[PDB]
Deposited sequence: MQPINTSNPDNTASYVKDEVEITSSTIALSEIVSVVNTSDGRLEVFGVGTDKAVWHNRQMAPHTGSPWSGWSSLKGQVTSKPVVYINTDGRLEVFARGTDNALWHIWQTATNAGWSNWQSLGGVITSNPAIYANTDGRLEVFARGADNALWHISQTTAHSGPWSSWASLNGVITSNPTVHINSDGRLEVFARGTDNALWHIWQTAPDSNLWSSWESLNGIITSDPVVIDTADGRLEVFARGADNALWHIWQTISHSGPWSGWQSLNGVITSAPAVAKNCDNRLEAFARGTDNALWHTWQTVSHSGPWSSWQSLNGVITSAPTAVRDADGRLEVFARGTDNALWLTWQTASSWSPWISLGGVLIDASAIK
């Protein structure tokens, strides 16, 4: 009935290459903050409200026309959304997509540009709904993929265009289910990848087109598992002792880099050395005192930026410099953890 502490924001690279973060304020509204300019260390806009009243982490996704769209569980437990009405410009009103959900929503674009949203239902199964045409309503009917899940779901597209969803099962193993063809409503059966996981799964598509899943294990280390050929391996440990969900992102050269809170409440990281096919470093501290999981993203200068909530409940930020990382700086605001599953 427990997962590692969640991320405090959802992040996206905008149509024009800037970082934009979304989180939940003390009023339960979705707020957001963005870089002025597409560069590491740009000034930030400060927090502005998109209003609403939410009961999940708000999750941003960029439509294939560049319009941001934010999905969140509402006060009636329906899936709600709000979208830019023109690329990188004004926002709509909040609208309901109905349903009854009991997790944070997870989103990906099909190969046809239709966004598809996945979330745990009132029956604890995985449900989904999608745009009927590319980056546009109306939306489909809600449909079930069955199963019984106990984490937030995570979706990613394979290198052949098939969506695949990952979630913790009732035996605490990592389970997954996939599209049998791109854009399809036909899916495989649920299948177990075994292991024990104690966080939401984090899924990345490698430079060589293989899905790779990261999760906290029963021993509180960071573990991972991967497809052996483009579109599985044994579970393998990357060690560490982590007190939050992990975050993973790709460097300029596609080397993966994993971030998580330590038992000292500092941010810690481990990275692939040499290349995207290389072995992982041992862990190193990036300091700070943080009160959420980190959120990691590559910016328009090819530099990793990491966000995490601080002891004052503001969002703080550190990034890669030529040969080190920048001192933690505050972006202000007061953010709450509204994750539907804690």
Relative to the deposited sequence numbered from 1, which residue ranges are unmodelled?
1 to 24, 256 to 258
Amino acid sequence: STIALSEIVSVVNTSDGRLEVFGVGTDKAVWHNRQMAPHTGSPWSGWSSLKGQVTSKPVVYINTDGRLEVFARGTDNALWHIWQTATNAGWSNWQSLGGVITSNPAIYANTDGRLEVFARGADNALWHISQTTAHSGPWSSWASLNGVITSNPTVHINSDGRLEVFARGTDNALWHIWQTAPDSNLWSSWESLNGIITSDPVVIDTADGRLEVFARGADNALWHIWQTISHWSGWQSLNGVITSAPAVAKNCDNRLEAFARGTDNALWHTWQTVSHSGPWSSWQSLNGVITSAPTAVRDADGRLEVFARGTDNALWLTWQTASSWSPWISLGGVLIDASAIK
From here on, numbers count along this sequence of modelled residues.
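Definition used throughout: the rigid core is the maximal C-alpha set that superposes within 1.5 Å between two forms.
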Superpose by the rigid core and compare 217 to 225 with 85 to 93; which one moves more, by C-alpha RMS, in 8 other deposited structures of this protein?
85 to 93
What about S6, is it left unmodelled in a third or more of the other PDB entries we looked at?
no
Higher avg CA temperature factor (48 to 56 vs 64 to 72, as deposited) belongs to 48 to 56
Tell me which stretch has the larger mean Cα B-factor in this entry, 183 to 191 or 128 to 136.
183 to 191
Per the entry, which of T154, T102, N110, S141 tops the list for Cα B factor?
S141
Relative to the other modelled residues of the same chain, rank the CA B-factor of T263 and answer lowest, middle or highest third.
highest
Quick check for you: using the entry's CA B-factors within this chain, is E305 in the lowest, middle or highest third?
lowest
Splitting the chain's C-alpha B-factors into thirds, which one does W235 fall into?
highest
Mind checking which third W280 falls in for C-alpha B-factor across the chain?
highest
Divide the modelled residues of the chain into thirds by Cα B-factor and specify which third, lowest, middle or highest, holds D123.
middle
